[PDB]
>>> print(open('entry05.cif').read())   # mmCIF, C-alpha atoms
data_run
#
loop_
_atom_site.label_atom_id
_atom_site.label_comp_id
_atom_site.auth_asym_id
_atom_site.auth_seq_id
_atom_site.Cartn_x
_atom_site.Cartn_y
_atom_site.Cartn_z
CA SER A 1 27.00 -7.67 -29.64
CA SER A 2 29.33 -4.82 -30.59
CA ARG A 3 26.79 -1.99 -30.54
CA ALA A 4 25.03 -3.69 -27.62
CA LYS A 5 28.21 -3.25 -25.58
CA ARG A 6 27.37 0.46 -25.45
CA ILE A 7 24.24 -0.13 -23.36
CA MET A 8 25.71 -3.15 -21.58
CA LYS A 9 28.38 -0.93 -20.02
CA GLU A 10 25.63 1.22 -18.52
CA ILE A 11 23.89 -1.82 -17.04
CA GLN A 12 27.18 -3.10 -15.61
CA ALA A 13 27.17 -0.22 -13.13
CA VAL A 14 23.83 -1.27 -11.66
CA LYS A 15 24.80 -4.94 -11.84
CA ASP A 16 27.87 -4.13 -9.72
CA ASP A 17 26.46 -5.66 -6.54
CA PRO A 18 23.00 -4.72 -5.16
CA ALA A 19 23.61 -0.97 -4.96
CA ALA A 20 22.16 2.33 -6.19
CA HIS A 21 18.67 0.80 -5.93
CA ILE A 22 18.74 0.58 -9.73
CA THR A 23 17.50 -2.20 -12.01
CA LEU A 24 18.18 -3.01 -15.67
CA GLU A 25 16.90 -6.19 -17.30
CA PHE A 26 16.98 -6.51 -21.09
CA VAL A 27 14.24 -8.71 -22.56
CA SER A 28 15.54 -9.77 -25.97
CA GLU A 29 17.47 -12.54 -27.72
CA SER A 30 21.21 -12.33 -28.44
CA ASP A 31 20.35 -9.07 -30.21
CA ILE A 32 19.38 -6.90 -27.24
CA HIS A 33 17.08 -4.30 -28.81
CA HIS A 34 14.43 -3.79 -26.14
CA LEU A 35 15.61 -2.70 -22.69
CA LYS A 36 13.64 -2.59 -19.44
CA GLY A 37 14.87 -0.55 -16.49
CA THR A 38 13.03 -0.86 -13.18
CA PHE A 39 13.52 0.70 -9.75
CA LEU A 40 12.53 -0.63 -6.32
CA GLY A 41 11.46 1.86 -3.67
CA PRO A 42 9.58 1.87 -0.33
CA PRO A 43 6.22 3.63 0.28
CA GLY A 44 5.65 7.01 1.89
CA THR A 45 3.80 8.65 -1.00
CA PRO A 46 0.98 7.90 -3.51
CA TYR A 47 3.51 8.36 -6.33
CA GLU A 48 6.11 5.93 -4.96
CA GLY A 49 5.85 2.63 -3.12
CA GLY A 50 6.54 -0.58 -5.01
CA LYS A 51 7.99 -1.52 -8.39
CA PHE A 52 8.10 0.29 -11.73
CA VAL A 53 8.68 -1.24 -15.17
CA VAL A 54 9.69 1.24 -17.86
CA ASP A 55 9.63 -0.24 -21.36
CA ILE A 56 12.83 0.98 -23.01
CA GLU A 57 13.76 0.63 -26.68
CA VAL A 58 17.47 0.97 -27.48
CA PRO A 59 18.32 0.89 -31.22
CA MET A 60 21.72 0.35 -32.86
CA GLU A 61 22.62 3.97 -33.61
CA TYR A 62 25.53 5.98 -32.22
CA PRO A 63 24.78 9.51 -33.56
CA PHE A 64 21.88 10.92 -31.55
CA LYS A 65 20.50 7.83 -29.81
CA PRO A 66 17.34 8.99 -27.95
CA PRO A 67 16.28 6.19 -25.54
CA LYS A 68 12.53 5.61 -25.84
CA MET A 69 10.51 5.09 -22.65
CA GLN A 70 6.81 4.35 -22.17
CA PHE A 71 4.23 2.50 -20.07
CA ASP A 72 6.19 2.15 -16.81
CA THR A 73 3.62 1.05 -14.25
CA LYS A 74 1.10 2.90 -16.46
CA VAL A 75 1.44 5.71 -13.90
CA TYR A 76 -1.26 8.36 -14.32
CA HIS A 77 0.76 11.58 -14.31
CA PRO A 78 0.62 14.76 -16.45
CA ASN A 79 4.06 13.70 -17.70
CA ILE A 80 3.79 9.91 -17.72
CA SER A 81 0.90 8.15 -19.46
CA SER A 82 -0.70 10.70 -21.78
CA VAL A 83 -2.55 8.42 -24.20
CA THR A 84 -0.70 5.13 -24.63
CA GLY A 85 2.27 5.49 -22.30
CA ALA A 86 4.69 8.36 -22.86
CA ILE A 87 6.89 10.57 -20.68
CA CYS A 88 8.35 14.04 -21.10
CA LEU A 89 11.94 14.33 -19.88
CA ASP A 90 14.64 15.94 -22.03
CA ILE A 91 15.03 13.03 -24.48
CA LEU A 92 11.32 12.57 -25.21
CA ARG A 93 9.86 15.54 -27.10
CA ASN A 94 12.87 17.85 -27.46
CA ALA A 95 16.20 16.87 -25.91
CA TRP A 96 18.75 19.64 -25.35
CA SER A 97 21.79 17.43 -24.76
CA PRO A 98 23.02 14.15 -26.34
CA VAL A 99 24.89 13.34 -23.11
CA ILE A 100 21.71 12.63 -21.14
CA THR A 101 22.28 8.90 -20.62
CA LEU A 102 19.45 6.45 -19.98
CA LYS A 103 20.21 6.44 -16.25
CA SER A 104 19.29 10.13 -16.14
CA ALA A 105 15.93 9.50 -17.80
CA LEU A 106 15.09 6.78 -15.28
CA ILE A 107 16.28 8.64 -12.18
CA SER A 108 14.41 11.70 -13.46
CA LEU A 109 11.13 9.77 -13.37
CA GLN A 110 11.56 8.99 -9.67
CA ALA A 111 11.89 12.65 -8.67
CA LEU A 112 9.27 13.59 -11.26
CA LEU A 113 6.73 11.19 -9.77
CA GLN A 114 7.04 12.95 -6.41
CA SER A 115 6.97 16.39 -8.03
CA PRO A 116 3.64 17.82 -9.29
CA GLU A 117 4.17 20.00 -12.37
CA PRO A 118 0.70 20.94 -13.72
CA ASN A 119 2.05 24.27 -15.00
CA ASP A 120 2.84 23.30 -18.59
CA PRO A 121 2.61 19.48 -18.93
CA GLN A 122 1.58 17.40 -21.94
CA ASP A 123 -1.85 16.20 -20.81
CA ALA A 124 -4.28 19.10 -20.42
CA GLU A 125 -7.18 16.89 -19.36
CA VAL A 126 -5.16 15.45 -16.48
CA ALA A 127 -3.80 18.82 -15.35
CA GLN A 128 -7.27 20.38 -15.37
CA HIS A 129 -8.77 17.36 -13.59
CA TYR A 130 -6.00 17.27 -10.98
CA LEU A 131 -6.27 21.02 -10.45
CA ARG A 132 -9.86 20.61 -9.27
CA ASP A 133 -9.97 17.18 -7.63
CA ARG A 134 -6.39 16.59 -6.49
CA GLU A 135 -7.35 14.69 -3.35
CA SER A 136 -9.60 12.36 -5.34
CA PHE A 137 -6.84 11.54 -7.84
CA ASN A 138 -4.18 11.24 -5.13
CA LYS A 139 -5.77 8.20 -3.49
CA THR A 140 -6.69 6.64 -6.84
CA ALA A 141 -3.10 7.19 -8.00
CA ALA A 142 -1.57 5.29 -5.08
CA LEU A 143 -4.03 2.44 -5.59
CA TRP A 144 -3.23 2.02 -9.28
CA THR A 145 0.52 1.98 -8.64
CA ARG A 146 0.05 -0.30 -5.63
CA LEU A 147 -1.79 -2.79 -7.84
CA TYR A 148 0.21 -2.26 -11.03
CA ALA A 149 3.51 -2.31 -9.13
CA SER A 150 4.27 -5.76 -10.54
CA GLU A 151 2.77 -8.67 -12.48
CA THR A 152 3.67 -12.34 -12.88
CA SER A 153 3.46 -14.05 -16.27
CA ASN A 154 1.54 -12.56 -19.20
CA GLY A 155 -2.06 -11.39 -19.22
CA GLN A 156 -5.16 -11.44 -21.42
CA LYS A 157 -7.06 -8.35 -20.29
CA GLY A 158 -6.47 -7.57 -16.63
CA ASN A 159 -5.40 -9.70 -13.67
CA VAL A 160 -5.57 -7.70 -10.44
CA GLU A 161 -5.51 -9.21 -6.95
CA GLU A 162 -6.35 -12.86 -6.28
CA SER A 163 -2.74 -14.06 -6.27
CA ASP A 164 -1.25 -13.81 -2.78
CA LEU A 165 -2.64 -15.05 0.55
CA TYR A 166 -6.43 -14.72 0.45
CA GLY A 167 -8.06 -13.00 3.41
CA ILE A 168 -11.51 -14.47 2.84
CA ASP A 169 -12.05 -17.36 5.26
CA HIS A 170 -12.23 -16.93 9.03
CA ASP A 171 -12.44 -13.12 8.81
CA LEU A 172 -15.75 -13.17 6.95
CA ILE A 173 -16.72 -16.20 8.99
CA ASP A 174 -15.96 -14.61 12.36
CA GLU A 175 -18.53 -11.95 11.50
CA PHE A 176 -21.47 -14.28 10.89
CA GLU A 177 -20.26 -16.80 13.44
CA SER A 178 -20.32 -14.55 16.50
CA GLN A 179 -23.52 -13.03 15.10
CA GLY A 180 -25.38 -16.24 15.84
CA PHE A 181 -25.04 -18.25 12.66
CA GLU A 182 -22.87 -21.36 12.49
CA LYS A 183 -19.83 -21.94 10.28
CA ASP A 184 -21.98 -24.12 8.01
CA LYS A 185 -23.97 -20.94 7.32
CA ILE A 186 -21.06 -18.71 6.27
CA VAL A 187 -19.42 -21.42 4.16
CA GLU A 188 -22.64 -21.91 2.21
CA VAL A 189 -22.89 -18.17 1.53
CA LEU A 190 -19.15 -17.57 1.10
CA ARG A 191 -18.48 -20.38 -1.38
CA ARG A 192 -21.26 -19.26 -3.72
CA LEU A 193 -20.31 -15.57 -3.58
CA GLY A 194 -16.68 -15.35 -2.49
CA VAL A 195 -16.27 -11.61 -2.02
CA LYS A 196 -12.91 -9.97 -1.31
CA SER A 197 -13.59 -6.29 -0.61
CA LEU A 198 -16.10 -6.87 2.18
CA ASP A 199 -16.97 -4.11 4.65
CA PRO A 200 -17.56 -4.48 8.43
CA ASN A 201 -20.81 -2.50 8.52
CA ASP A 202 -21.20 -1.13 5.00
CA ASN A 203 -21.63 -3.90 2.43
CA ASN A 204 -24.60 -4.71 0.20
CA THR A 205 -23.56 -8.34 -0.30
CA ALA A 206 -23.57 -8.79 3.48
CA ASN A 207 -27.29 -8.07 3.82
CA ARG A 208 -27.96 -10.63 1.08
CA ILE A 209 -25.61 -13.07 2.81
CA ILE A 210 -27.24 -12.86 6.24
CA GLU A 211 -30.53 -13.26 4.40
CA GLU A 212 -29.68 -16.91 3.73
CA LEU A 213 -27.51 -17.18 6.86
CA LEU A 214 -30.76 -17.49 8.85
CA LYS A 215 -31.74 -20.66 6.95
#
>>> encode(input="entry05.cif", output="C-alpha cells")
Amino acid sequence: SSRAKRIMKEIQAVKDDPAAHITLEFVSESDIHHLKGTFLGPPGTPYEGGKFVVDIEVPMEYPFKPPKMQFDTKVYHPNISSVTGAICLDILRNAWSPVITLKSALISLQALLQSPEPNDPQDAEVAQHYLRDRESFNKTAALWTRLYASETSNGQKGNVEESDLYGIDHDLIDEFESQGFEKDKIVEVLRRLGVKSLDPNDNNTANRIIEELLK
C-alpha cells in the first residue's frame, strides 16, 4: 500500500541480507496494519538468550505516529509487562521526539533488558519485589524467557515443553536398571507416569516408582 510503504522502507533495511541481527515480519493481509519485530540473540544473561516477539501495531497516520509495542516474550521487567504487556521507552507514555523510529524502540528493549532500572519504573510491585529478592527473580526470569522464547502454531492456554527431543527413556531407565530392577520394571512405571523433571536423588515420584519397581 501507499502508507504501508512508510514502514516497508524500514523493514527493507533489515531484509537487506542477514545482517544487523534484526527481524521484522508483518502479520497482516494486503493491508499491513499489525507489525511484529523480533530479535535473535545468544545467551549470557537471564534477560537475553533466545527469541523475542514484540507485537507492534502500525496505523495509517503520518502526523505523530507512535508505534505501539506490547507482550514481547511476556518478559517480566519493571518496564516490560506491567499488567497486560506494555513497555516504557520514549514513544510509550510520553515521547519527546517524533523522529524516534520503530528500530530505536526495538533496539532500546535489548539494552533495557540487560539494564536494571528500579529507580522510577512503571510497576511498583515488581520494583519492590525485585529490590528484596533479586536473586530469586533472576533465575525465574531466565527460565520464563528460555521457555517463552518461541512458540509453534497457536495455543489454547499454555503449551510449554514436550515438543523437542524427549529425554525420558534410557536416562530414567538407567537409574532403575543398574539399581537392580529390569527394563520391564521401569517401562511399567514410566509409561503410566511419564515424568520429565526427574531428579537423581531428590524426587518424590521416584520413591513411588521404585515402590512398584520391586514387583
>>> atom_distance(input="entry05.cif", atom1="atom CA of residue A:81", atom2="atom CA of residue A:61")
26.3 Å
>>> atom_distance(input="entry05.cif", atom1="atom CA of residue A:137", atom2="atom CA of residue A:113")
13.7 Å
>>> closest_residue(input="entry05.cif", among="A:172, A:13, A:75, A:35", to="residue A:138", atoms="all atoms listed in the file")
A:75
>>> closest_atom_pairs(input="entry05.cif", of="stretch 23-93 of chain A", to="stretch 120-125 of chain A", cutoff="10 Å", atoms="only C-alpha atoms", output="CSV")
residue,atom,partner,partner_atom,distance
A:77,CA,A:123,CA,8.4
A:78,CA,A:123,CA,5.2
A:79,CA,A:121,CA,6.1
A:80,CA,A:122,CA,8.9
A:81,CA,A:123,CA,8.6
A:82,CA,A:123,CA,5.7
A:83,CA,A:123,CA,8.5
A:86,CA,A:122,CA,9.6
A:87,CA,A:122,CA,8.7
A:88,CA,A:122,CA,7.6
A:93,CA,A:122,CA,9.9
>>> closest_residue(input="entry05.cif", among="A:196, A:183, A:132, A:74", to="residue A:145", atoms="all atoms listed in the file")
A:74
>>> atom_distance(input="entry05.cif", atom1="atom CA of residue A:41", atom2="atom CA of residue A:156")
27.7 Å
>>> closest_residue(input="entry05.cif", among="A:164, A:10, A:212, A:48", to="residue A:23", atoms="only C-alpha atoms")
A:10
>>> residues_around(input="entry05.cif", residues="residue A:46", least_positions_apart="2", cutoff="9 Å", atoms="all atoms listed in the file", output="list in words")
residues 43, 44, 48, 49, 114, 138, 139, 140, 141, 142, 143, 145 and 146 of chain A
>>> residues_around(input="entry05.cif", residues="residue A:52", least_positions_apart="6", cutoff="10 Å", atoms="all atoms listed in the file", output="PyMOL selection string")
chain A and resi 23+36-41+71-75+110+145+148-150
>>> closest_residue(input="entry05.cif", among="A:31, A:175, A:117, A:161", to="residue A:2", atoms="all atoms listed in the file")
A:31
>>> axis_aligned_box(input="entry05.cif", around="stretch 70-89 of chain A", padding_each_side="5 Å", output="lines of an AutoDock Vina configuration file")
center_x = 4.7
center_y = 7.9
center_z = -19.3
size_x = 24.5
size_y = 23.7
size_z = 20.7
>>> residues_near_point(input="entry05.cif", point="(-18.0, -17.3, 3.4)", cutoff="10 Å", atoms="only C-alpha atoms", output="number ranges by chain")
A: 168-176, 183-195, 209
>>> resolve_selection(input="entry05.cif", expression="the PyMOL selection byres ((chain A and resi 97-105) around 9)", output="PDB file with C-alpha atoms, in the frame of the given file")
ATOM      1  CA  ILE A   7      24.240  -0.130 -23.360  1.00  0.00           C
ATOM      2  CA  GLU A  10      25.630   1.220 -18.520  1.00  0.00           C
ATOM      3  CA  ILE A  22      18.740   0.580  -9.730  1.00  0.00           C
ATOM      4  CA  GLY A  37      14.870  -0.550 -16.490  1.00  0.00           C
ATOM      5  CA  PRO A  63      24.780   9.510 -33.560  1.00  0.00           C
ATOM      6  CA  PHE A  64      21.880  10.920 -31.550  1.00  0.00           C
ATOM      7  CA  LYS A  65      20.500   7.830 -29.810  1.00  0.00           C
ATOM      8  CA  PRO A  66      17.340   8.990 -27.950  1.00  0.00           C
ATOM      9  CA  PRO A  67      16.280   6.190 -25.540  1.00  0.00           C
ATOM     10  CA  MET A  69      10.510   5.090 -22.650  1.00  0.00           C
ATOM     11  CA  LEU A  89      11.940  14.330 -19.880  1.00  0.00           C
ATOM     12  CA  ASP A  90      14.640  15.940 -22.030  1.00  0.00           C
ATOM     13  CA  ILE A  91      15.030  13.030 -24.480  1.00  0.00           C
ATOM     14  CA  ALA A  95      16.200  16.870 -25.910  1.00  0.00           C
ATOM     15  CA  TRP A  96      18.750  19.640 -25.350  1.00  0.00           C
ATOM     16  CA  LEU A 106      15.090   6.780 -15.280  1.00  0.00           C
ATOM     17  CA  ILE A 107      16.280   8.640 -12.180  1.00  0.00           C
ATOM     18  CA  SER A 108      14.410  11.700 -13.460  1.00  0.00           C
ATOM     19  CA  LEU A 109      11.130   9.770 -13.370  1.00  0.00           C
TER      20      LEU A 109
END
>>> resolve_selection(input="entry05.cif", expression="the PyMOL selection byres ((chain A and resi 1) around 10)", output="VMD selection string")
chain A and resid 2 to 6 8 30 to 32
>>> closest_residue(input="entry05.cif", among="A:130, A:26, A:144, A:181", to="residue A:56", atoms="only C-alpha atoms")
A:26
>>> build_atoms(input="entry05.cif", residues="stretch 99-124 of chain A", atoms="N, CA and C atoms", output="PDB file, in the frame of the given file")
ATOM      1  N   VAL A  99      24.144  13.996 -24.181  1.00  0.00           N
ATOM      2  CA  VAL A  99      24.890  13.340 -23.110  1.00  0.00           C
ATOM      3  C   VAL A  99      23.946  12.688 -22.105  1.00  0.00           C
ATOM      4  N   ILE A 100      22.705  13.168 -22.062  1.00  0.00           N
ATOM      5  CA  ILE A 100      21.710  12.630 -21.140  1.00  0.00           C
ATOM      6  C   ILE A 100      21.557  11.122 -21.315  1.00  0.00           C
ATOM      7  N   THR A 101      22.330  10.360 -20.550  1.00  0.00           N
ATOM      8  CA  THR A 101      22.280   8.900 -20.620  1.00  0.00           C
ATOM      9  C   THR A 101      20.904   8.383 -20.220  1.00  0.00           C
ATOM     10  N   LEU A 102      20.717   7.071 -20.329  1.00  0.00           N
ATOM     11  CA  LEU A 102      19.450   6.450 -19.980  1.00  0.00           C
ATOM     12  C   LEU A 102      19.213   6.495 -18.472  1.00  0.00           C
ATOM     13  N   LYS A 103      20.298   6.411 -17.708  1.00  0.00           N
ATOM     14  CA  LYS A 103      20.210   6.440 -16.250  1.00  0.00           C
ATOM     15  C   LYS A 103      19.572   7.745 -15.775  1.00  0.00           C
ATOM     16  N   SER A 104      19.842   8.830 -16.491  1.00  0.00           N
ATOM     17  CA  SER A 104      19.290  10.130 -16.140  1.00  0.00           C
ATOM     18  C   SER A 104      17.785  10.169 -16.375  1.00  0.00           C
ATOM     19  N   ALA A 105      17.346   9.542 -17.461  1.00  0.00           N
ATOM     20  CA  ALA A 105      15.930   9.500 -17.800  1.00  0.00           C
ATOM     21  C   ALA A 105      15.138   8.708 -16.762  1.00  0.00           C
ATOM     22  N   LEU A 106      15.735   7.623 -16.274  1.00  0.00           N
ATOM     23  CA  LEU A 106      15.090   6.780 -15.280  1.00  0.00           C
ATOM     24  C   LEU A 106      15.036   7.475 -13.921  1.00  0.00           C
ATOM     25  N   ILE A 107      16.190   7.953 -13.463  1.00  0.00           N
ATOM     26  CA  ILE A 107      16.280   8.640 -12.180  1.00  0.00           C
ATOM     27  C   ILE A 107      15.399   9.887 -12.164  1.00  0.00           C
ATOM     28  N   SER A 108      15.226  10.496 -13.334  1.00  0.00           N
ATOM     29  CA  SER A 108      14.410  11.700 -13.460  1.00  0.00           C
ATOM     30  C   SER A 108      12.938  11.389 -13.198  1.00  0.00           C
ATOM     31  N   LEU A 109      12.519  10.183 -13.567  1.00  0.00           N
ATOM     32  CA  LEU A 109      11.130   9.770 -13.370  1.00  0.00           C
ATOM     33  C   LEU A 109      10.800   9.653 -11.891  1.00  0.00           C
ATOM     34  N   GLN A 110      11.751   9.152 -11.110  1.00  0.00           N
ATOM     35  CA  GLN A 110      11.560   8.990  -9.670  1.00  0.00           C
ATOM     36  C   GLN A 110      11.230  10.329  -9.015  1.00  0.00           C
ATOM     37  N   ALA A 111      12.086  11.320  -9.242  1.00  0.00           N
ATOM     38  CA  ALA A 111      11.890  12.650  -8.670  1.00  0.00           C
ATOM     39  C   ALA A 111      10.671  13.329  -9.291  1.00  0.00           C
ATOM     40  N   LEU A 112      10.401  13.012 -10.554  1.00  0.00           N
ATOM     41  CA  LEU A 112       9.270  13.590 -11.260  1.00  0.00           C
ATOM     42  C   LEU A 112       7.948  13.080 -10.695  1.00  0.00           C
ATOM     43  N   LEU A 113       7.925  11.805 -10.326  1.00  0.00           N
ATOM     44  CA  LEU A 113       6.730  11.190  -9.770  1.00  0.00           C
ATOM     45  C   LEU A 113       6.311  11.888  -8.475  1.00  0.00           C
ATOM     46  N   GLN A 114       7.300  12.268  -7.672  1.00  0.00           N
ATOM     47  CA  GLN A 114       7.040  12.950  -6.410  1.00  0.00           C
ATOM     48  C   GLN A 114       7.189  14.456  -6.559  1.00  0.00           C
ATOM     49  N   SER A 115       6.873  14.957  -7.748  1.00  0.00           N
ATOM     50  CA  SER A 115       6.970  16.390  -8.030  1.00  0.00           C
ATOM     51  C   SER A 115       5.876  16.830  -8.993  1.00  0.00           C
ATOM     52  N   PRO A 116       4.756  17.357  -8.465  1.00  0.00           N
ATOM     53  CA  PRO A 116       3.640  17.820  -9.290  1.00  0.00           C
ATOM     54  C   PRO A 116       4.003  19.035 -10.136  1.00  0.00           C
ATOM     55  N   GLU A 117       3.851  18.907 -11.450  1.00  0.00           N
ATOM     56  CA  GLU A 117       4.170  20.000 -12.370  1.00  0.00           C
ATOM     57  C   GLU A 117       3.027  20.214 -13.360  1.00  0.00           C
ATOM     58  N   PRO A 118       1.867  20.694 -12.874  1.00  0.00           N
ATOM     59  CA  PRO A 118       0.700  20.940 -13.720  1.00  0.00           C
ATOM     60  C   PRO A 118       0.739  22.311 -14.402  1.00  0.00           C
ATOM     61  N   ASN A 119       1.901  22.959 -14.377  1.00  0.00           N
ATOM     62  CA  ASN A 119       2.050  24.270 -15.000  1.00  0.00           C
ATOM     63  C   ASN A 119       1.921  24.175 -16.515  1.00  0.00           C
ATOM     64  N   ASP A 120       2.857  23.468 -17.145  1.00  0.00           N
ATOM     65  CA  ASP A 120       2.840  23.300 -18.590  1.00  0.00           C
ATOM     66  C   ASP A 120       3.211  21.873 -18.988  1.00  0.00           C
ATOM     67  N   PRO A 121       2.370  20.890 -18.618  1.00  0.00           N
ATOM     68  CA  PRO A 121       2.610  19.480 -18.930  1.00  0.00           C
ATOM     69  C   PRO A 121       2.210  19.139 -20.363  1.00  0.00           C
ATOM     70  N   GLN A 122       1.967  17.856 -20.616  1.00  0.00           N
ATOM     71  CA  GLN A 122       1.580  17.400 -21.940  1.00  0.00           C
ATOM     72  C   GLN A 122       0.082  17.093 -21.989  1.00  0.00           C
ATOM     73  N   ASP A 123      -0.436  16.537 -20.897  1.00  0.00           N
ATOM     74  CA  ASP A 123      -1.850  16.200 -20.810  1.00  0.00           C
ATOM     75  C   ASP A 123      -2.639  17.320 -20.144  1.00  0.00           C
ATOM     76  N   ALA A 124      -3.465  18.002 -20.931  1.00  0.00           N
ATOM     77  CA  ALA A 124      -4.280  19.100 -20.420  1.00  0.00           C
ATOM     78  C   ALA A 124      -5.449  18.583 -19.595  1.00  0.00           C
TER      79      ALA A 124
END
